[PDB]
């Protein structure tokens, strides 16, 4: 699926944490059943991520509008099967509605971003709770503030999302979602010492740090499954519900 700052649809990220690799595998399988059967009006695509640094998963989902999303939330499978099943294999659930604030690619300022299991993107994710006063500052710092990323070795792309509203998370929030050549390229950047960090990096980070209002959540992922509206694709033959 394709991500761009001109997106007029709703970007939904469903974030799940868990405490064993067995529950992670189970999460992946349950998410994938829902994706493969997805026919909701307005549903555009889902991209399932499997946690690497720590146990959990992430679904990056595109919806035509919030109205379409709410219809799904009002469905009986979601209410009586999905939530309770997920509840039992997770330590937390955050269903976050966002708009795309900024994109950057290694080759173009504001370039379009593609996500999918075929790219082998090492995917890096952070949700920052921020002060309501400081939200725009955070967005500016993370997006335009980090133009330097495009020249970092192994960096592929960066999406910055503005949090609109969420289930399981209160207050203002923003999200950083980036793609890298490998775990190795990411950690080399992540772990730069002060002497090796760009000063523009220090400035961006310092601006975000000033307005963070609580513990951010970060994790890394492999993309393991993606499907779009009407796409003839599934990890299993039989419909589950």
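Positions refer to the first chain, counted from 1.
Relative to one another, 121-129 and 86-94 have unequal mean CA B-factors, and 86-94 is the one with the higher figure. Judged by mean Cα B factor in the deposited record, 66-74 ranks above the other of 206-214 and 66-74. Highest CA B-factor among 53, 191, 36, 29, as stated in the entry: 191. Across the options 161, 149, 113, 141, the residue with the most elevated CA B-factor in the record is 113.
Split the chain's modelled residues into thirds by C-alpha temperature factor. Residue 237 is in the highest one. Per-chain ranking of the deposited C-alpha B factor places residue 145 in the lowest third. The deposited CA B-factor of residue 40 belongs to the highest third of values across its chain. In the deposited entry, the Cα temperature factor of residue 195 places it in the highest third of its chain's modelled residues.
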